[PDB]
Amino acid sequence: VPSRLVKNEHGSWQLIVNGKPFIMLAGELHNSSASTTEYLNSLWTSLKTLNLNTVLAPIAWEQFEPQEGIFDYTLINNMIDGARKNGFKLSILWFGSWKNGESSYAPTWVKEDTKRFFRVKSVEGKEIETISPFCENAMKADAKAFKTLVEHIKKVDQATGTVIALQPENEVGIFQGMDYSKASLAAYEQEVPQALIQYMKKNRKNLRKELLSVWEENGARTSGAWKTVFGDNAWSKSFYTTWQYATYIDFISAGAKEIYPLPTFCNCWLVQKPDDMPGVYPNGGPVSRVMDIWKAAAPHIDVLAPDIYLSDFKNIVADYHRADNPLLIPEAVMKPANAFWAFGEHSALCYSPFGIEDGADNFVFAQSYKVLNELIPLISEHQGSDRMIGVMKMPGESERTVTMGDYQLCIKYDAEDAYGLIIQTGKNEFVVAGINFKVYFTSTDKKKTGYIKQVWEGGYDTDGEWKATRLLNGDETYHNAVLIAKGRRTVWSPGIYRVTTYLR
């Protein structure tokens, strides 16, 4: 296959594409934006101005399988064609059974057969516009459509590998404590799957404290029905709902993996506020609180990916990034600092603003992606090392201090909007990328004096070669007292600086 996840020396998962480490400098289209060839083709030139390397775009089951057994390849065909013509990779979004909790993208022949494909019921007994995750018939229909899609992708793309990742469904779950369908209620009375029990026992010291505390509160039992093992409460309800989602979607993914395995991720509508109970957000989705349940249930799903529109970016990304879960953000705000923090601090696979086609005039973002592209080789090389960090000022922070081998780095912010990344490339050498901050280098060991030796501003050409534009000294470095990450000038955007240091 031409896209794969491989763990490196530092234990970081890396995307390897056409043989090389690859980071998704991405954007996701608006939902409806891949729904005709003409609309989508109107967007490519805009997207190129933002220096994307990857576009996240949906295929909708309703359009792909408009009658059961009849498949329409027009949209996937034209999407791959356009991506190729414009220099983009694709992550394909599969709007099948569920998109933002609901089943609005299910085919007309699925919506109209509520007997074959039964709906979630509310606590009031109302059927809603959401297929039950307890509907086996819907699992199989969706699984067959998705497998057919991926078979086709293999058939037209196995060599070029334009398509580098798959997202089955979109923000799954219910806005309810549980499904009140008959199958849902019976499933709630069933034995906890041993797969979950075994996973927990094994990974206890590492479990989410949301799972652990409920399990332990009820005696950390290794058998029994859901209400025995996890109590009769909102949490046991969320846990068997999430199991069911993860199990249904795993089946969908397995069918594809069997024929053409690509990096596969499921995305979540975040727990918006800390007190929110399951059902305020989609109950069933891969939010961090149930990461363990998803991992135990869905081994054919590679990454649980947060959709981040909230300002608390640093805490959110640390919450979702685990040793078994690389940071992959398929939906975010169009804020360059977020990208630098994800890639630099957490070795992210993907950063993707939602509704990217709308932000074509965002020069600073475009230039930021340009700088990140220059740095992909160096970022890739240091993924997972303690020699790479992000830089992003949040309100009310004034400075950050870190150790890097022989040196202490004191990062001070010159504006609210200050961001970048720092890589130690050598005992006495650093690459600093970004804008509106300064870095002071001193000696860890206080029996020595550490100082900047020399600073060059530059960038990497299309060959990947470093080309210095200036040797920054004098006013530009306060006589080598400090690195000033002023940025590249046209308006200001992130710059790249090579700093050599010395001890004496």
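Residues carry their position along the shown sequence, with the first being 1.
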Next item on the list: Note how many residues of the deposited chain are left out of the model between residue 18 and residue 19; the options are none, 1 to 3, 4 to 9, and 10 or more.
Entry: none
Notebook entry, point to check: Mean C-alpha B factor from the entry: is it higher for 245-253 or for 356-364?
Noted result: 356-364
Notebook entry, point to check: So 211-219 or 318-326, which one's hotter by mean CA B-factor in the entry?
Noted result: 211-219
Item checked: Options 185, 174, 433, 76 - largest CA temperature factor per the record -> 185
Item checked: Top residue by Cα temperature factor, when 373, 288, 194, 167 are compared in the entry -> 194
Margin query: Per the entry's values, where does residue 475 land by CA temperature factor relative to the rest of its chain, in the lowest, middle or highest third?
Written below: lowest
Margin query: Sorting by Cα B-factor within the chain, modelled residues only, which third would residue 349 end up in: lowest, middle or highest?
Written below: lowest
Next item on the list: Sort the modelled residues of this chain by their C-alpha B factor and say whether residue 69 lands in the lowest, middle or highest third.
Entry: highest
Checklist line | CA B-factor placement of residue 457, once the chain's modelled residues are sorted into thirds | finding: middle
Next item on the list: Going by the recorded CA B-factors, say which third of the chain residue 494 sits in, lowest, middle or highest.
Entry: middle
